[PDB]
Amino acid sequence: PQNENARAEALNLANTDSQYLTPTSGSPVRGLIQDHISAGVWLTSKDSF
Amino acid sequence: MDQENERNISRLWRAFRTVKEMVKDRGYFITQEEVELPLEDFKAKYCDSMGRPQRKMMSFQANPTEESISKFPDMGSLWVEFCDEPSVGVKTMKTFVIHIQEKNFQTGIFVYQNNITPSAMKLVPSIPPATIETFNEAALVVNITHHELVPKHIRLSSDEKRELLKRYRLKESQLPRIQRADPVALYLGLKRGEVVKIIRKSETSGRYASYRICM
Amino acid sequence: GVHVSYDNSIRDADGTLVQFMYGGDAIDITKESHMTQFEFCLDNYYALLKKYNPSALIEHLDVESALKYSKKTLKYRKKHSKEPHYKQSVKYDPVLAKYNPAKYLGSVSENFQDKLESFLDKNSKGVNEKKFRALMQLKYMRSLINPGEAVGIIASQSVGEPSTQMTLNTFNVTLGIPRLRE
Amino acid sequence: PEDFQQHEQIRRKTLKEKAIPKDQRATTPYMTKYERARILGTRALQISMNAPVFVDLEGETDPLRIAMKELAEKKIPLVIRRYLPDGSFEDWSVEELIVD
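Protein chains in written order, with PDB author numbering: chain A, 638 to 686; chain B, 1 to 215; chain C, 1029 to 1153, 1160 to 1205, 1214 to 1224; chain D, 55 to 154.
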């Protein structure tokens, strides 16, 4: 976009940080997917010193 | 042999209670003992020795409560009329059209059984102050306002129709609309341009007050 | 053109009113996520108190009014609890129907109100109960749908998008999208 | 001639029967997510056209980030006009609105 009335509205209204919860049910739609999930099960484990 | 003389009464005792529930809901004065009238008592007051039903004594006059008068000032007398003829001709409306207009009832209810003649359907707007509201008594077996999916319709006097439209800044034709021939608009007897108030239970919020105008 | 107005009504673009509040209580769906999670809010009380900061906030919105009217309508509803819906005497219309939720503190839907009572009554736990109502009735006020919100588009997208997810066959009643086309 | 003055008088009197006064306005005292995106939009669109800036801008070259600093200190000289759907309006200034 090409003016400050649109930069302000892509930074405050349509940015990704405000789109965290979907409007259908209020569920979160953003988070880590495949291999970050399977590393926290090793990093936050009790062997991990 | 009496599987229909007994069951025409049950189709009539339930229809009689519904009209007294319909009259009391419109704001007139009906006692509670007249609404909750058991079937044992209805036969001994309105059915003859023969066991058949007779409808001449069923017809009654209703007066408004003192509480409806401070809400609606211009509310006259109501004459509920049951008709002993199965097919209503054109000269028996003229009995009831004149009996309204001579005796000066403001509103008359004409409960019929099979049909009213299309020649006799012209006598409904024939009195310009007073209305005639006809109900087929098969449609009065179950009071539809007791159903679970039907909320509490309350009609608004113009002392709070006007305060509704002043809060939301509305023309009258911008409200949600209820039809002239709706089963609950015919129940309350709504003229056009009368806002009815609906309190319905949302799944989200519980009791939720909504409004709807008759056009 | 269906959008929230500044008086919380849901109106079409030409003004023809559709609803009087969004959903019954004018809450955005993307804000009521921890609104009934009362246990989470009591644990995080001091951290959530300076998110919903009430100190620089109270002289702009009326506090005492809708709290007074709610306790009329709460107690009066507790009287006629077993009467059916058609015998419900309608002296007391709900507090949202009388007071703006974004202006009067305490004007709260009658379903959030009861759940907050049913949490404070069934649980005895440096936090009082007066200062937990005044946060959870402030959290309600700061979780309202904003005016101008395109609730017409959002409602039409929240139906049409998960109907790209019910295209499948029997795993009687008309199923899925051909029922939704009717 | 006077036929203009007969029309200007009507236009401003009609615009007087829409202005709700400051004691009687009944909308929210919050800045409702869309004012804030348009106030910072319009004020930054002014600062990029050599408007007088009322904040000590400290090496900030982005016009939008300047307006985000004029907002935090209540230094933006703008007025929101909230239209109610019959036409009538409420003029809320930016200093008295409460930002999220």
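For each residue, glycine too, the CB sits at the ideal point set by N, CA and C.
Might you give, ordered along the chain, the residues of its own chain that have their beta carbon closer than 8 angstroms to the beta carbon of residue i, omitting 5 neighbours on each side?
| i | result |
| --- | --- |
| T1064/C | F1140, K1143 |
| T659/A | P665, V666 |
| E150/D | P83 |
| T92/B | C83, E85, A120 |
| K161/B | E194, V195 |
| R177/B | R212, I213, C214, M215 |
Going along chain C in order, which residues have a C-beta closer than 9 angstroms to the C-beta of residue i?
| i | result |
| --- | --- |
| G668/A | Within 9 angstroms Cβ-Cβ: nothing; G668/A doesn't reach chain C, min ~15 angstroms. |
In chain order, what residues of the same chain have a beta carbon less than 7 angstroms from the beta carbon of residue i, not counting five sequence neighbours either side?
| i | result |
| --- | --- |
| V153/D | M85, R90, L125 |
| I1038/C | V1030, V1032, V1046, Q1047, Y1050, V1185 |
| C47/B | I9, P53, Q54 |
| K20/B | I30, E34, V35 |
| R1176/C | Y1080 |
For residue i, count neighbouring Cβ atoms within 10 angstroms of its own Cβ and tell me buried if that reaches 16, exposed if not.
| i | result |
| --- | --- |
| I130/D | buried |
| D25/B | buried |
| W79/B | buried |
| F686/A | exposed |
| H147/B | exposed |
| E1092/C | exposed |
| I1219/C | exposed |
| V1161/C | exposed |
| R119/D | exposed |
| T81/D | buried |
| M50/B | exposed |
| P638/A | exposed |
| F1068/C | exposed |
| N652/A | exposed |
| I93/D | buried |
Nearest-angstrom Cα distance between residue i and residue j?
| i | j | result |
| --- | --- | --- |
| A1130/C | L1124/C | 10 angstroms |
| residue 1156/C | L1077/C | Note on chain C: numbering goes from 1153 to 1160 directly, and residue 1156/C within that interval has no coordinates. |
| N5/B | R52/B | 6 angstroms |
| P118/B | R192/B | 23 angstroms |
| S664/A | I1057/C | 9 angstroms |
| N1151/C | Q1116/C | 31 angstroms |
| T661/A | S158/B | 40 angstroms |
| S210/B | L170/B | 14 angstroms |
| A139/B | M22/B | 13 angstroms |
| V1136/C | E85/B | 56 angstroms |
| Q1199/C | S1192/C | 12 angstroms |
| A121/D | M103/D | 13 angstroms |
| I1188/C | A1041/C | 15 angstroms |
| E1145/C | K1100/C | 15 angstroms |
| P83/D | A1084/C | 13 angstroms |
| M215/B | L1070/C | 51 angstroms |
| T204/B | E1060/C | 11 angstroms |
| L186/B | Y168/B | 27 angstroms |
| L165/B | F1166/C | 37 angstroms |
| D1053/C | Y208/B | 8 angstroms |
| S202/B | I74/D | 33 angstroms |
| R180/B | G189/B | 9 angstroms |
For a contact defined as C-beta to C-beta under 9 angstroms, what are the partners of residue i on chain A?
| i | result |
| --- | --- |
| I1057/C | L658, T659, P660, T661, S662, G663 |
| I1179/C | What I1179/C touches in chain A: nothing, since even the nearest Cβ is about 11 angstroms away. |
| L118/D | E641, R644, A645, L648 |
| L132/D | Those do not exist, as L132/D stays about 13 angstroms from chain A at its closest Cβ, beyond 9 angstroms. |
What residues of chain D sit near residue i, judged by a beta carbon separation below 7 angstroms?
| i | result |
| --- | --- |
| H1088/C | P83, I152 |
Applying a beta-carbon distance threshold of less than 8 angstroms, which residues of chain D neighbour residue i?
| i | result |
| --- | --- |
| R169/B | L138, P139, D140, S142 |
| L650/A | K87, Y88, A91 |
| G1043/C | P139, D140 |
| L1085/C | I152 |
| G1182/C | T86, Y88 |
Taking Cβ-Cβ distances shorter than 8 angstroms, what residues in chain A pair up with residue i?
| i | result |
| --- | --- |
| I1038/C | Going along chain A, no residue has its Cβ under 8 angstroms from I1038/C, so there is no contact; the nearest lies around 15 angstroms. |
List, in chain order, every chain C residue whose beta-carbon is nearer than 8 angstroms to that of residue i.
| i | result |
| --- | --- |
| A80/D | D1035, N1128, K1131 |
| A209/B | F1048, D1121, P1122, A1125 |
Quick one: list the residues of chain A neighbouring residue i, beta-carbon separation under 7 angstroms, in chain order.
| i | result |
| --- | --- |
| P1196/C | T661 |
| residue 47/D | The shown model of chain D, from 55 to 154, leaves out residue 47/D, and the question about it has no answer. |
| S102/D | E641 |
| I1188/C | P660 |
Does the distance from the C-beta atom of residue i to that of residue j stay below 8 angstroms?
| i | j | result |
| --- | --- | --- |
| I1179/C | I1086/C | no |
| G108/B | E137/B | no |
| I127/B | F110/B | no |
| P64/B | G27/B | yes |
| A130/B | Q101/B | yes |
Mind listing the chain B neighbours of residue i? Cutoff is C-beta to C-beta under 9 angstroms, in chain order.
| i | result |
| --- | --- |
| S1137/C | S202, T204, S205, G206, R207, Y208 |
Give every residue of the same chain whose Cβ lies closer than 6 angstroms to the Cβ of residue i, excluding the five residues on either side of it in the sequence, and list them in chain order.
| i | result |
| --- | --- |
| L156/B | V195, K197 |
Could you tell me which chain B residues have their CB closer than 7 angstroms to the CB of residue i, listed as they occur along the chain?
| i | result |
| --- | --- |
| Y1114/C | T145, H146, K152 |
How would you list, in chain order, the residues of chain C whose beta-carbon sits under 7 angstroms from the beta-carbon of residue i?
| i | result |
| --- | --- |
| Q174/B | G1043, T1044, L1045 |
| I116/B | Per Cβ cutoff of 7 angstroms: no residues; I116/B is ~29 angstroms from chain C at best. |
For residue i, is the beta carbon positioned less than 7 angstroms from some heavy atom of the ligand COA?
| i | result |
| --- | --- |
| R207/B | The model depicted lacks the ligand COA and carries no ligand whatsoever. |
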